[PDB]
Every structure is written in C-alpha cells, then in structure tokens.
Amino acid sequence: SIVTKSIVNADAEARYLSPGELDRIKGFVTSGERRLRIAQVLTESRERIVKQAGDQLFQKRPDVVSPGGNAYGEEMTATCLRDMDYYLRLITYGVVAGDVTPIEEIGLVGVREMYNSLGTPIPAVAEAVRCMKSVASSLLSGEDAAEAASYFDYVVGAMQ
C-alpha cells in the first residue's frame, strides 16, 4: 500500500511524511470503497472467471492439455486451474491495496524458477491471465474494468 511505501520513504529520510504523501494517503482511503467493490465482484465470480478463462486458454493453447503438455489429463488440468485461481486471488489483494505489491511478493518473485523447474510453459501462464482479464472485465463497468486492467496487465508483463 501507498501508506507503507510513503512511510518507508519518510523513514529512510528520517522525517515525517510530506504534505503530498499525506494528501496521497488521503485520496487513497477515499477511493477505498470503489476498490473494495471491484475486488468483491472478482471474489464473488471467481469460479466463473477461472472456468471460462481456462476454457479460452485451452483453445488458444491446446498443446498444454494434449499429450506431452504440462497440463495433460484431469489432475494436471485441475492443478493449472488451481494456479489460475491463485492469481485471481492475488489480484483481488492488489486491488484493495491499490498496487501490485502483494501480487509481486506472493506470486511473482522467483515465479520463473518455480515454473521452469516444473516445466510449465510460462508464456501459456501469461496467456491464462489474459484470459481471466477478459472474463473479469466484462463483469465490471468501463471505469472499473479500466482500473482493474492494470493489475492483470502487470502480471502478464511480469510473467517472464
């Protein structure tokens, strides 16, 4: 949160927060209601978002669910969807906090080493997030979809 981040900045300069930092936090708590609503929608429709996105994903990338693929078979497909649900969850975290930090700290730091080890195709994971973004966005206003877009996009651009 911008609250933590401001404090960390101020501390490193041995000072109280600046009027701008303070004002920034003020506008942050003001928008709290809106971001909570956005997270709430994604929470409530999580099962749909992950199921439909999974279906779209497997259309774009049948290789992962065909023999030789990392998500071949019921159990592996279920684990894949499990992972997608993980990232939808993290994204709702980021939304209430106002930035991508909880996404980073929980799900992106060392994500490359993890998925490489497992032999999971990382670009296909990025694609899966795109797919969730697509489904999620439709359940939101143009305003909220735009705001939520930055969280999905960050995950996609950090899936390297």
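Numbers follow the displayed sequence, beginning with 1.
K.L.:
Please work out which of 87-95 and 59-67 has the higher mean CA B-factor as recorded in the PDB entry.
P.N.:
Higher mean C-alpha B-factor: 59-67.
K.L.:
Which has higher Cα B-factors on average according to the PDB entry: 50-58 or 102-110?
P.N.:
That would be 50-58.
K.L.:
Based on the deposited C-alpha B factors for this chain, I'd like to know if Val156 is in the lowest, middle or highest third.
P.N.:
Within its chain, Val156 is a middle-third residue by C-alpha B-factor, going by the deposited values.
K.L.:
Sort the modelled residues of this chain by their C-alpha B factor and say whether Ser31 lands in the lowest, middle or highest third.
P.N.:
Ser31: CA B-factor falls in the highest third of its chain.
K.L.:
Report the third (lowest, middle or highest) to which the CA temperature factor of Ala124 belongs, ranking only the modelled residues of the same chain.
P.N.:
Highest third - that is where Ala124 ends up once the chain's C-alpha B-factors are sorted.
K.L.:
Using the B-factor values recorded in the entry, state whether the Cα atom of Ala14 falls in the lowest, middle or highest third among the modelled residues of its chain.
P.N.:
Within its chain, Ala14 is a lowest-third residue by C-alpha B-factor, going by the deposited values.
K.L.:
Please place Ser138 in the lowest, middle or highest third of its chain according to the CA B-factor in the PDB entry.
P.N.:
Middle third, going by the recorded CA B-factors of the chain.
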